[PDB]
């Protein structure tokens, strides 16, 4: 692979809690390229959460996470973050970052050829 994505920072929190995930990229990195966050809960397909792309770090969000989750990036560290607030039990899933050779963010996981390892996030009621 041209690029390797290493994820950090999940765990188990109570409803209303916060977590921050990181996705550190190494290899032939290019920070304007799209980084997507996707999650997969038990029994479900990979659902798009949000993405970041472009020379100006523009973000886009799924309806179910807007306002609560925030995506950012540190260019010099080649790292993209997913800040999660007001967490809900329904947010429980394995979270993945993924990237592709385009600035454009897509909702389809299938157009991202490069995947991080996944991080479990679990939210108690």
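Numbering follows the first chain given and starts at 1.
The top Cα temperature factor in the record, among 84, 76, 80, 34, falls on 76. Sorting the modelled residues of the chain by their CA temperature factor places residue 51 in the lowest third. Annotation for residue 114: CA B-factor lies in the middle third of the chain's modelled residues. The entry lists a Cα temperature factor for residue 59 that places it in the lowest third of the chain's modelled residues. Per the deposited record, the Cα B-factor of residue 14 falls in the highest third when ranked against the other modelled residues of its chain. Ranked by Cα temperature factor within the chain, residue 103 sits in the highest third according to the deposited record.
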